[PDB]
$ cat structure_36.pdb   # PDB, N, CA and C atoms and all ligand atoms
ATOM      1  N   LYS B1698      38.604  36.916  97.470
ATOM      2  CA  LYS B1698      37.282  37.476  97.693
ATOM      3  C   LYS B1698      36.492  36.646  98.703
ATOM      4  N   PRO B1699      35.556  37.266  99.418
ATOM      5  CA  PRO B1699      34.698  36.506 100.326
ATOM      6  C   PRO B1699      33.502  35.920  99.597
ATOM      7  N   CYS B1700      32.971  34.838 100.162
ATOM      8  CA  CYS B1700      31.844  34.156  99.543
ATOM      9  C   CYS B1700      30.633  35.078  99.483
ATOM     10  N   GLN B1701      29.899  35.004  98.379
ATOM     11  CA  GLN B1701      28.708  35.816  98.210
ATOM     12  C   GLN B1701      27.587  35.307  99.113
ATOM     13  N   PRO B1702      26.578  36.140  99.379
ATOM     14  CA  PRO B1702      25.452  35.682 100.202
ATOM     15  C   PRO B1702      24.790  34.457  99.593
ATOM     16  N   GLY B1703      24.390  33.533 100.458
ATOM     17  CA  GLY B1703      23.875  32.258 100.019
ATOM     18  C   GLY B1703      24.918  31.180  99.835
ATOM     19  N   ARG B1704      26.190  31.482 100.080
ATOM     20  CA  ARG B1704      27.267  30.521  99.915
ATOM     21  C   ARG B1704      28.135  30.505 101.164
ATOM     22  N   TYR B1705      28.781  29.366 101.402
ATOM     23  CA  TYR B1705      29.675  29.202 102.537
ATOM     24  C   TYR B1705      30.901  28.420 102.094
ATOM     25  N   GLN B1706      31.961  28.514 102.893
ATOM     26  CA  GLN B1706      33.193  27.780 102.620
ATOM     27  C   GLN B1706      33.913  27.582 103.944
ATOM     28  N   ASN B1707      34.009  26.330 104.390
ATOM     29  CA  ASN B1707      34.574  26.001 105.692
ATOM     30  C   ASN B1707      35.956  25.364 105.586
ATOM     31  N   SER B1708      36.650  25.566 104.471
ATOM     32  CA  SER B1708      37.997  25.050 104.290
ATOM     33  C   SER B1708      38.919  26.181 103.860
ATOM     34  N   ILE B1709      40.207  25.983 104.090
ATOM     35  CA  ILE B1709      41.217  26.963 103.712
ATOM     36  C   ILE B1709      41.781  26.589 102.352
ATOM     37  N   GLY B1710      42.113  27.608 101.567
ATOM     38  CA  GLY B1710      42.742  27.395 100.278
ATOM     39  C   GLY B1710      41.886  26.702  99.242
ATOM     40  N   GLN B1711      40.621  27.092  99.121
ATOM     41  CA  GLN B1711      39.740  26.571  98.090
ATOM     42  C   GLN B1711      39.380  27.680  97.112
ATOM     43  N   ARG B1712      38.952  27.276  95.917
ATOM     44  CA  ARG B1712      38.611  28.215  94.859
ATOM     45  C   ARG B1712      37.126  28.199  94.516
ATOM     46  N   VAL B1713      36.294  27.618  95.378
ATOM     47  CA  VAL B1713      34.858  27.523  95.141
ATOM     48  C   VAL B1713      34.128  27.726  96.459
ATOM     49  N   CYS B1714      32.993  28.420  96.401
ATOM     50  CA  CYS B1714      32.081  28.529  97.529
ATOM     51  C   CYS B1714      30.915  27.571  97.317
ATOM     52  N   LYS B1715      30.468  26.939  98.400
ATOM     53  CA  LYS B1715      29.391  25.978  98.221
ATOM     54  C   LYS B1715      28.050  26.591  98.608
ATOM     55  N   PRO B1716      26.958  26.168  97.978
ATOM     56  CA  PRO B1716      25.652  26.739  98.309
ATOM     57  C   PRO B1716      25.052  26.096  99.547
ATOM     58  N   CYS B1717      24.255  26.887 100.259
ATOM     59  CA  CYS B1717      23.640  26.453 101.505
ATOM     60  C   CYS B1717      22.328  25.736 101.213
ATOM     61  N   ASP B1718      22.107  24.607 101.880
ATOM     62  CA  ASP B1718      20.890  23.846 101.653
ATOM     63  C   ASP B1718      19.681  24.587 102.223
ATOM     64  N   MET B1719      18.494  24.096 101.869
ATOM     65  CA  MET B1719      17.262  24.779 102.242
ATOM     66  C   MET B1719      17.102  24.829 103.756
ATOM     67  N   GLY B1720      16.525  25.930 104.233
ATOM     68  CA  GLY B1720      16.370  26.169 105.648
ATOM     69  C   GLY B1720      17.478  26.980 106.283
ATOM     70  N   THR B1721      18.571  27.225 105.568
ATOM     71  CA  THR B1721      19.695  27.993 106.078
ATOM     72  C   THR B1721      19.961  29.188 105.176
ATOM     73  N   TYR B1722      20.417  30.277 105.782
ATOM     74  CA  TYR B1722      20.817  31.468 105.052
ATOM     75  C   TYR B1722      22.263  31.803 105.384
ATOM     76  N   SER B1723      22.799  32.786 104.666
ATOM     77  CA  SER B1723      24.177  33.208 104.875
ATOM     78  C   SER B1723      24.380  34.571 104.237
ATOM     79  N   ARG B1724      24.948  35.498 105.003
ATOM     80  CA  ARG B1724      25.327  36.805 104.485
ATOM     81  C   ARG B1724      26.679  36.704 103.795
ATOM     82  N   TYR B1725      27.314  37.845 103.534
ATOM     83  CA  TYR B1725      28.624  37.850 102.901
ATOM     84  C   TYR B1725      29.603  36.986 103.696
ATOM     85  N   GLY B1726      30.732  36.678 103.058
ATOM     86  CA  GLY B1726      31.515  35.487 103.336
ATOM     87  C   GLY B1726      31.563  34.995 104.767
ATOM     88  N   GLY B1727      31.139  33.755 104.961
ATOM     89  CA  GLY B1727      31.051  33.180 106.288
ATOM     90  C   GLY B1727      31.485  31.732 106.271
ATOM     91  N   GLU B1728      31.998  31.284 107.418
ATOM     92  CA  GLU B1728      32.534  29.931 107.516
ATOM     93  C   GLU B1728      31.446  28.881 107.344
ATOM     94  N   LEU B1729      30.250  29.138 107.869
ATOM     95  CA  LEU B1729      29.175  28.160 107.807
ATOM     96  C   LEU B1729      27.846  28.877 107.639
ATOM     97  N   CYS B1730      26.884  28.173 107.052
ATOM     98  CA  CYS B1730      25.526  28.683 106.967
ATOM     99  C   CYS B1730      24.839  28.531 108.315
ATOM    100  N   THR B1731      24.063  29.538 108.692
ATOM    101  CA  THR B1731      23.378  29.553 109.976
ATOM    102  C   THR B1731      21.891  29.303 109.761
ATOM    103  N   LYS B1732      21.329  28.398 110.558
ATOM    104  CA  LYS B1732      19.928  28.028 110.417
ATOM    105  C   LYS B1732      19.027  29.236 110.630
ATOM    106  N   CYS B1733      17.914  29.256 109.904
ATOM    107  CA  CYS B1733      16.938  30.317 110.088
ATOM    108  C   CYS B1733      16.426  30.292 111.525
ATOM    109  N   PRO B1734      16.324  31.447 112.182
ATOM    110  CA  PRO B1734      15.795  31.481 113.551
ATOM    111  C   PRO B1734      14.389  30.904 113.626
ATOM    112  N   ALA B1735      13.919  30.733 114.858
ATOM    113  CA  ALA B1735      12.573  30.224 115.071
ATOM    114  C   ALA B1735      11.548  31.262 114.633
ATOM    115  N   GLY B1736      10.636  30.854 113.754
ATOM    116  CA  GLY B1736       9.598  31.732 113.263
ATOM    117  C   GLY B1736       9.844  32.332 111.896
ATOM    118  N   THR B1737      10.947  31.987 111.238
ATOM    119  CA  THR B1737      11.249  32.507 109.914
ATOM    120  C   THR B1737      11.662  31.361 109.000
ATOM    121  N   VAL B1738      11.594  31.619 107.692
ATOM    122  CA  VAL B1738      11.666  30.571 106.684
ATOM    123  C   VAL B1738      12.655  30.956 105.589
ATOM    124  N   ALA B1739      13.159  29.932 104.899
ATOM    125  CA  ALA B1739      14.014  30.107 103.728
ATOM    126  C   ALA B1739      13.811  28.905 102.819
ATOM    127  N   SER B1740      13.306  29.141 101.609
ATOM    128  CA  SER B1740      12.840  28.054 100.756
ATOM    129  C   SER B1740      13.935  27.475  99.863
ATOM    130  N   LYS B1741      14.615  28.320  99.092
ATOM    131  CA  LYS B1741      15.536  27.848  98.066
ATOM    132  C   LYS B1741      16.876  27.453  98.683
ATOM    133  N   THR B1742      17.861  27.193  97.825
ATOM    134  CA  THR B1742      19.220  26.887  98.246
ATOM    135  C   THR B1742      20.180  28.049  98.028
ATOM    136  N   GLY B1743      19.737  29.115  97.373
ATOM    137  CA  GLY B1743      20.558  30.300  97.240
ATOM    138  C   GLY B1743      20.136  31.366  98.225
ATOM    139  N   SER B1744      19.482  30.939  99.306
ATOM    140  CA  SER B1744      18.892  31.874 100.253
ATOM    141  C   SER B1744      19.965  32.731 100.906
ATOM    142  N   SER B1745      19.724  34.039 100.941
ATOM    143  CA  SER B1745      20.659  34.982 101.528
ATOM    144  C   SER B1745      20.165  35.591 102.829
TER     145      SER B1745
ATOM    146  N   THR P1895     -63.094 -29.114 128.004
ATOM    147  CA  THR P1895     -62.117 -29.877 127.236
ATOM    148  C   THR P1895     -60.716 -29.298 127.395
ATOM    149  N   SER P1896     -59.711 -30.161 127.294
ATOM    150  CA  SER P1896     -58.329 -29.750 127.498
ATOM    151  C   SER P1896     -57.810 -28.921 126.328
ATOM    152  N   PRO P1897     -56.852 -28.043 126.610
ATOM    153  CA  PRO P1897     -56.268 -27.181 125.576
ATOM    154  C   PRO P1897     -55.428 -27.925 124.527
ATOM    155  N   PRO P1898     -54.851 -27.202 123.574
ATOM    156  CA  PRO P1898     -54.000 -27.825 122.560
ATOM    157  C   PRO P1898     -52.521 -27.915 122.967
ATOM    158  N   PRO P1899     -51.698 -28.602 122.183
ATOM    159  CA  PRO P1899     -50.249 -28.601 122.433
ATOM    160  C   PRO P1899     -49.621 -27.200 122.393
ATOM    161  N   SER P1900     -49.028 -26.754 123.497
ATOM    162  CA  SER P1900     -48.444 -25.419 123.575
ATOM    163  C   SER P1900     -47.355 -25.227 122.526
ATOM    164  N   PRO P1901     -47.299 -24.030 121.948
ATOM    165  CA  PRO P1901     -46.332 -23.732 120.893
ATOM    166  C   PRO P1901     -44.847 -23.937 121.228
ATOM    167  N   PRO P1902     -43.998 -23.953 120.208
ATOM    168  CA  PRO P1902     -42.543 -24.055 120.403
ATOM    169  C   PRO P1902     -41.876 -22.710 120.736
ATOM    170  N   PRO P1903     -40.563 -22.687 120.938
ATOM    171  CA  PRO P1903     -39.866 -21.408 121.161
ATOM    172  C   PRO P1903     -39.523 -20.670 119.859
ATOM    173  N   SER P1904     -40.049 -19.463 119.674
ATOM    174  CA  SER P1904     -39.807 -18.699 118.457
ATOM    175  C   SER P1904     -38.316 -18.460 118.250
ATOM    176  N   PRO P1905     -37.906 -18.346 116.993
ATOM    177  CA  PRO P1905     -36.490 -18.172 116.669
ATOM    178  C   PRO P1905     -35.901 -16.811 117.072
ATOM    179  N   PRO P1906     -34.599 -16.616 116.885
ATOM    180  CA  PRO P1906     -33.965 -15.323 117.158
ATOM    181  C   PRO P1906     -33.870 -14.425 115.914
ATOM    182  N   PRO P1907     -33.426 -13.177 116.052
ATOM    183  CA  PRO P1907     -33.244 -12.317 114.867
ATOM    184  C   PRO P1907     -32.196 -12.855 113.880
ATOM    185  N   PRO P1908     -32.091 -12.279 112.686
ATOM    186  CA  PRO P1908     -31.149 -12.800 111.677
ATOM    187  C   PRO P1908     -29.677 -12.421 111.900
ATOM    188  N   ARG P1909     -29.339 -11.936 113.095
ATOM    189  CA  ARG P1909     -27.971 -11.569 113.483
ATOM    190  C   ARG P1909     -27.433 -10.371 112.701
ATOM    191  N   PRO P1910     -26.771  -9.460 113.409
ATOM    192  CA  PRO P1910     -26.235  -8.238 112.794
ATOM    193  C   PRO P1910     -25.130  -8.433 111.745
ATOM    194  N   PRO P1911     -24.583  -7.338 111.227
ATOM    195  CA  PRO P1911     -23.484  -7.412 110.261
ATOM    196  C   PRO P1911     -22.096  -7.338 110.915
ATOM    197  N   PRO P1912     -21.033  -7.428 110.125
ATOM    198  CA  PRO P1912     -19.674  -7.334 110.669
ATOM    199  C   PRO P1912     -19.148  -5.893 110.723
ATOM    200  N   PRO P1913     -17.977  -5.687 111.311
ATOM    201  CA  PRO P1913     -17.349  -4.366 111.304
ATOM    202  C   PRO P1913     -16.583  -4.036 110.015
ATOM    203  N   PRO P1914     -16.739  -2.826 109.490
ATOM    204  CA  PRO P1914     -15.944  -2.393 108.334
ATOM    205  C   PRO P1914     -14.427  -2.468 108.576
ATOM    206  N   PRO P1915     -13.627  -2.259 107.538
ATOM    207  CA  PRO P1915     -12.173  -2.332 107.681
ATOM    208  C   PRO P1915     -11.550  -1.153 108.444
ATOM    209  N   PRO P1916     -10.268  -1.225 108.779
ATOM    210  CA  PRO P1916      -9.605  -0.093 109.441
ATOM    211  C   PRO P1916      -9.017   0.896 108.424
ATOM    212  N   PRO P1917      -8.553   2.056 108.871
ATOM    213  CA  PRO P1917      -7.860   2.968 107.951
ATOM    214  C   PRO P1917      -6.464   2.466 107.558
ATOM    215  N   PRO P1918      -5.817   3.120 106.605
ATOM    216  CA  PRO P1918      -4.409   2.823 106.311
ATOM    217  C   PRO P1918      -3.460   3.292 107.422
ATOM    218  N   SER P1919      -2.686   2.384 108.012
ATOM    219  CA  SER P1919      -1.727   2.758 109.045
ATOM    220  C   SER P1919      -0.816   3.865 108.540
ATOM    221  N   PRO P1920      -0.419   4.760 109.437
ATOM    222  CA  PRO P1920       0.438   5.892 109.050
ATOM    223  C   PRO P1920       1.814   5.473 108.511
ATOM    224  N   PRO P1921       2.610   6.432 108.053
ATOM    225  CA  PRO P1921       3.951   6.130 107.553
ATOM    226  C   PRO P1921       5.038   6.130 108.637
ATOM    227  N   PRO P1922       6.174   5.484 108.393
ATOM    228  CA  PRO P1922       7.277   5.532 109.363
ATOM    229  C   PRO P1922       7.814   6.958 109.556
ATOM    230  N   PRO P1923       8.480   7.231 110.672
ATOM    231  CA  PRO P1923       9.091   8.555 110.881
ATOM    232  C   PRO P1923      10.119   8.921 109.801
ATOM    233  N   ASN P1924      10.069  10.144 109.285
ATOM    234  CA  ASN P1924      11.007  10.567 108.256
ATOM    235  C   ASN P1924      12.434  10.506 108.783
ATOM    236  N   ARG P1925      13.268   9.728 108.099
ATOM    237  CA  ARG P1925      14.643   9.532 108.532
ATOM    238  C   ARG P1925      15.420  10.839 108.437
ATOM    239  N   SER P1926      16.455  10.958 109.261
ATOM    240  CA  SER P1926      17.280  12.159 109.255
ATOM    241  C   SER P1926      18.390  12.062 108.214
ATOM    242  N   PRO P1927      18.971  13.202 107.857
ATOM    243  CA  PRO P1927      20.079  13.221 106.900
ATOM    244  C   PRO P1927      21.457  12.960 107.528
ATOM    245  N   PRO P1928      22.479  12.721 106.714
ATOM    246  CA  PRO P1928      23.795  12.349 107.236
ATOM    247  C   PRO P1928      24.665  13.507 107.747
ATOM    248  N   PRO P1929      25.874  13.208 108.205
ATOM    249  CA  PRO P1929      26.803  14.243 108.650
ATOM    250  C   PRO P1929      27.659  14.887 107.549
ATOM    251  N   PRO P1930      27.860  16.196 107.617
ATOM    252  CA  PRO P1930      28.826  16.860 106.750
ATOM    253  C   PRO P1930      30.238  16.262 106.806
ATOM    254  N   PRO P1931      30.863  16.021 105.661
ATOM    255  CA  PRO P1931      32.237  15.507 105.648
ATOM    256  C   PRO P1931      33.204  16.481 106.338
ATOM    257  N   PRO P1932      34.387  16.032 106.736
ATOM    258  CA  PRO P1932      35.332  16.937 107.410
ATOM    259  C   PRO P1932      35.839  18.072 106.507
ATOM    260  N   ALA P1933      36.357  19.144 107.094
ATOM    261  CA  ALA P1933      36.866  20.254 106.307
ATOM    262  C   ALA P1933      38.154  19.836 105.618
ATOM    263  N   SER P1934      38.118  19.771 104.291
ATOM    264  CA  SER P1934      39.288  19.350 103.540
ATOM    265  C   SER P1934      40.387  20.403 103.631
ATOM    266  N   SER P1935      41.606  19.982 103.306
ATOM    267  CA  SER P1935      42.753  20.871 103.367
ATOM    268  C   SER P1935      42.869  21.671 102.072
ATOM    269  N   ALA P1936      43.892  22.515 102.004
ATOM    270  CA  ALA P1936      44.099  23.348 100.830
ATOM    271  C   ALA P1936      44.481  22.499  99.624
ATOM    272  N   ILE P1937      44.113  22.987  98.442
ATOM    273  CA  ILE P1937      44.416  22.297  97.195
ATOM    274  C   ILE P1937      45.890  22.483  96.867
ATOM    275  N   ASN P1938      46.376  21.733  95.885
ATOM    276  CA  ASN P1938      47.792  21.757  95.559
ATOM    277  C   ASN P1938      48.208  23.156  95.110
ATOM    278  N   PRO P1939      49.398  23.613  95.488
ATOM    279  CA  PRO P1939      49.818  24.966  95.119
ATOM    280  C   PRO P1939      50.177  25.056  93.646
TER     281      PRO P1939
HETATM  282  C1  LIG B2001     -57.302 -31.531 129.959
HETATM  283  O1  LIG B2001     -58.027 -30.441 130.705
HETATM  284  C2  LIG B2001     -59.314 -30.878 131.274
HETATM  285  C3  LIG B2001     -59.811 -29.808 132.207
HETATM  286  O2  LIG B2001     -59.324 -28.553 131.789
HETATM  287  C4  LIG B2001     -59.202 -32.189 132.055
HETATM  288  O3  LIG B2001     -58.466 -31.946 133.255
HETATM  289  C5  LIG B2001     -58.507 -33.263 131.272
HETATM  290  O4  LIG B2001     -58.310 -34.418 132.133
HETATM  291  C6  LIG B2001     -57.186 -32.813 130.770
HETATM  292  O5  LIG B2001     -56.628 -33.844 129.930
HETATM  293  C1  LIG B2002     -49.188 -23.669 126.179
HETATM  294  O1  LIG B2002     -50.123 -23.140 125.126
HETATM  295  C2  LIG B2002     -51.470 -23.715 125.244
HETATM  296  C3  LIG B2002     -52.369 -23.061 124.232
HETATM  297  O2  LIG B2002     -52.037 -23.528 122.945
HETATM  298  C4  LIG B2002     -52.053 -23.505 126.642
HETATM  299  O3  LIG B2002     -52.273 -22.107 126.839
HETATM  300  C5  LIG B2002     -51.138 -24.009 127.719
HETATM  301  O4  LIG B2002     -51.666 -23.587 129.006
HETATM  302  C6  LIG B2002     -49.748 -23.498 127.584
HETATM  303  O5  LIG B2002     -48.900 -24.211 128.509
HETATM  304  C1  LIG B2003     -42.673 -17.695 117.573
HETATM  305  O1  LIG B2003     -42.626 -19.129 117.124
HETATM  306  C2  LIG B2003     -43.228 -20.023 118.123
HETATM  307  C3  LIG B2003     -43.251 -21.423 117.572
HETATM  308  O2  LIG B2003     -42.269 -21.550 116.570
HETATM  309  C4  LIG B2003     -44.655 -19.605 118.499
HETATM  310  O3  LIG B2003     -45.531 -19.894 117.409
HETATM  311  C5  LIG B2003     -44.765 -18.144 118.832
HETATM  312  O4  LIG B2003     -46.173 -17.789 118.904
HETATM  313  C6  LIG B2003     -44.111 -17.271 117.828
HETATM  314  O5  LIG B2003     -44.124 -15.915 118.321
HETATM  315  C1  LIG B2004      -1.621   0.441 111.382
HETATM  316  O1  LIG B2004      -2.618   1.406 111.962
HETATM  317  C2  LIG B2004      -3.992   1.096 111.527
HETATM  318  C3  LIG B2004      -4.943   1.958 112.311
HETATM  319  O2  LIG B2004      -5.131   3.180 111.637
HETATM  320  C4  LIG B2004      -4.368  -0.377 111.725
HETATM  321  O3  LIG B2004      -4.578  -0.606 113.119
HETATM  322  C5  LIG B2004      -3.304  -1.317 111.234
HETATM  323  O4  LIG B2004      -3.634  -2.680 111.613
HETATM  324  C6  LIG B2004      -1.988  -0.965 111.812
HETATM  325  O5  LIG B2004      -0.986  -1.888 111.344
HETATM  326  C1  LIG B2005      16.566  13.771 111.970
HETATM  327  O1  LIG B2005      15.636  14.370 110.946
HETATM  328  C2  LIG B2005      14.274  13.812 110.994
HETATM  329  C3  LIG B2005      13.372  14.670 110.151
HETATM  330  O2  LIG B2005      13.963  15.936 109.969
HETATM  331  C4  LIG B2005      13.699  13.758 112.412
HETATM  332  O3  LIG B2005      13.406  15.089 112.841
HETATM  333  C5  LIG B2005      14.652  13.133 113.386
HETATM  334  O4  LIG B2005      14.095  13.226 114.725
HETATM  335  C6  LIG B2005      15.968  13.810 113.365
HETATM  336  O5  LIG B2005      16.861  13.133 114.271
END
$ encode --input "structure_36.pdb" --output "structure tokens"
Amino acid sequence: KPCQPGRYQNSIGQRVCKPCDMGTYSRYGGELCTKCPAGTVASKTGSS
Amino acid sequence: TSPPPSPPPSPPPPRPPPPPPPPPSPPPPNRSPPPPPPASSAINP
């Protein structure tokens, strides 16, 4: 399965998705969390 | 008749006060966070 929104996984063959730190968001499964663009915000660590 | 002994030199004011203290100096720049560890390999099969 792909990582749920708010989670990322940048390694192969793992069984856990890691949560993205504050200031970054992430849609459905992605290699890395992408920083919020200029002018927008994300407070928590489960930000999607 | 001749005048009296002329007066002395009058004193100066009682001198002003000192300057108050300064504000609290600001804080150091907020340090940055560390680097993400490398991408680990696959777990044991
Ligand atoms: C004081 O003054 C008078 C005149 O005003 C006179 O010259 C005296 O000789 C002097 O001592
Ligand atoms: C000093 O003061 C006296 C008066 O006390 C007089 O005016 C003198 O001429 C002056 O030098
Ligand atoms: C200041 O003091 C001197 C003498 O100490 C003199 O009397 C002046 O007249 C006074 O103003
Ligand atoms: C830190 O800054 C303040 C001024 O706000 C003050 O000059 C202190 O002496 C300085 O160390
Ligand atoms: C690392 O982070 C701190 C605060 O986030 C600061 O901006 C530094 O300039 C940066 O290199």
$ closest_atom_pairs --input "structure_36.pdb" --of "chain B" --to "chain P" --cutoff "10 Å" --atoms "only C-alpha atoms" --output "tab-separated table"
residue	atom	partner	partner_atom	distance
B:1706	CA	P:1933	CA	9.2
B:1707	CA	P:1933	CA	6.2
B:1708	CA	P:1933	CA	5.3
B:1709	CA	P:1936	CA	5.4
B:1710	CA	P:1936	CA	4.3
B:1711	CA	P:1936	CA	6.1
B:1712	CA	P:1937	CA	8.6
$ residues_around --input "structure_36.pdb" --residues "residue 1704 of chain B" --least-positions-apart "6" --cutoff "6.5 Å" --atoms "only N, CA and C atoms" --output "list in words"
residues 1714, 1715, 1716, 1717, 1723, 1724, 1726, 1727, 1730, 1743 and 1744 of chain B
$ residues_near_ligand --input "structure_36.pdb" --ligand "ligand LIG 2001 (chain B)" --cutoff "7 Å" --atoms "all atoms listed in the file" --output "mmCIF file with N, CA and C atoms, in the coordinates of the input"
data_model
loop_
_atom_site.group_PDB
_atom_site.id
_atom_site.type_symbol
_atom_site.label_atom_id
_atom_site.label_comp_id
_atom_site.auth_asym_id
_atom_site.auth_seq_id
_atom_site.Cartn_x
_atom_site.Cartn_y
_atom_site.Cartn_z
ATOM 1 N N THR P 1895 -63.094 -29.114 128.004
ATOM 2 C CA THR P 1895 -62.117 -29.877 127.236
ATOM 3 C C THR P 1895 -60.716 -29.298 127.395
ATOM 4 N N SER P 1896 -59.711 -30.161 127.294
ATOM 5 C CA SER P 1896 -58.329 -29.750 127.498
ATOM 6 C C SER P 1896 -57.810 -28.921 126.328
ATOM 7 N N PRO P 1897 -56.852 -28.043 126.610
ATOM 8 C CA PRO P 1897 -56.268 -27.181 125.576
ATOM 9 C C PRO P 1897 -55.428 -27.925 124.527
#
$ closest_atom_pairs --input "structure_36.pdb" --of "chain P" --to "ligand LIG 2003 (chain B)" --cutoff "12 Å" --atoms "only C-alpha atoms and all ligand atoms" --output "Markdown table"
| residue | atom | partner | partner_atom | distance |
| --- | --- | --- | --- | --- |
| P:1899 | CA | B:LIG2003 | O3 | 11.1 |
| P:1900 | CA | B:LIG2003 | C4 | 8.6 |
| P:1901 | CA | B:LIG2003 | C4 | 5.1 |
| P:1902 | CA | B:LIG2003 | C3 | 3.9 |
| P:1903 | CA | B:LIG2003 | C2 | 4.7 |
| P:1904 | CA | B:LIG2003 | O1 | 3.1 |
| P:1905 | CA | B:LIG2003 | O1 | 6.2 |
| P:1906 | CA | B:LIG2003 | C1 | 9.0 |
| P:1907 | CA | B:LIG2003 | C1 | 11.2 |
$ axis_aligned_box --input "structure_36.pdb" --around "ligand LIG 2002 (chain B)" --padding-each-side "3 Å" --output "JSON"
{"center_x": -50.6, "center_y": -23.2, "center_z": 126.0, "size_x": 9.5, "size_y": 8.1, "size_z": 12.1}
$ closest_atom_pairs --input "structure_36.pdb" --of "chain P" --to "ligand LIG 2004 (chain B)" --cutoff "7 Å" --atoms "only C-alpha atoms and all ligand atoms" --output "tab-separated table"
residue	atom	partner	partner_atom	distance
P:1916	CA	B:LIG2004	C4	5.7
P:1917	CA	B:LIG2004	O2	4.6
P:1918	CA	B:LIG2004	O2	5.4
P:1919	CA	B:LIG2004	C1	3.3
P:1920	CA	B:LIG2004	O1	6.2
$ select_by_dssp --input "structure_36.pdb" --residues "chain B" --states "strand (DSSP E or B)" --output "list in words"
residues 1704, 1705, 1715, 1716, 1721, 1722, 1731 and 1732 of chain B
$ build_atoms --input "structure_36.pdb" --residues "segment 1725-1737 of chain B" --atoms "N, CA, C and O atoms" --output "compact mmCIF listing (two decimals), in the frame of the given file"
# COMPACT_ATOMS: atom_id res chain seq x y z
N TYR B 1725 27.31 37.84 103.53
CA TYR B 1725 28.62 37.85 102.90
C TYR B 1725 29.60 36.99 103.70
O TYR B 1725 29.37 36.65 104.86
N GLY B 1726 30.73 36.68 103.06
CA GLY B 1726 31.52 35.49 103.34
C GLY B 1726 31.56 34.99 104.77
O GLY B 1726 31.98 35.72 105.68
N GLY B 1727 31.14 33.76 104.96
CA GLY B 1727 31.05 33.18 106.29
C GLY B 1727 31.48 31.73 106.27
O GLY B 1727 31.37 31.04 105.26
N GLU B 1728 32.00 31.28 107.42
CA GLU B 1728 32.53 29.93 107.52
C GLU B 1728 31.45 28.88 107.34
O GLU B 1728 31.68 27.83 106.73
N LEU B 1729 30.25 29.14 107.87
CA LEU B 1729 29.18 28.16 107.81
C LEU B 1729 27.85 28.88 107.64
O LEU B 1729 27.70 30.04 108.03
N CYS B 1730 26.88 28.17 107.05
CA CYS B 1730 25.53 28.68 106.97
C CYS B 1730 24.84 28.53 108.32
O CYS B 1730 25.01 27.52 109.00
N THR B 1731 24.06 29.54 108.69
CA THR B 1731 23.38 29.55 109.98
C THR B 1731 21.89 29.30 109.76
O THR B 1731 21.27 29.92 108.88
N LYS B 1732 21.33 28.40 110.56
CA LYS B 1732 19.93 28.03 110.42
C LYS B 1732 19.03 29.24 110.63
O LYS B 1732 19.33 30.14 111.42
N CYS B 1733 17.91 29.26 109.90
CA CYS B 1733 16.94 30.32 110.09
C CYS B 1733 16.43 30.29 111.52
O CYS B 1733 16.14 29.22 112.06
N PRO B 1734 16.32 31.45 112.18
CA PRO B 1734 15.80 31.48 113.55
C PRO B 1734 14.39 30.90 113.63
O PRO B 1734 13.74 30.61 112.62
N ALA B 1735 13.92 30.73 114.86
CA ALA B 1735 12.57 30.22 115.07
C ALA B 1735 11.55 31.26 114.63
O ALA B 1735 11.58 32.41 115.08
N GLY B 1736 10.64 30.85 113.75
CA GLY B 1736 9.60 31.73 113.26
C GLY B 1736 9.84 32.33 111.90
O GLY B 1736 9.01 33.12 111.43
N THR B 1737 10.95 31.99 111.24
CA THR B 1737 11.25 32.51 109.91
C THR B 1737 11.66 31.36 109.00
O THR B 1737 12.03 30.28 109.46
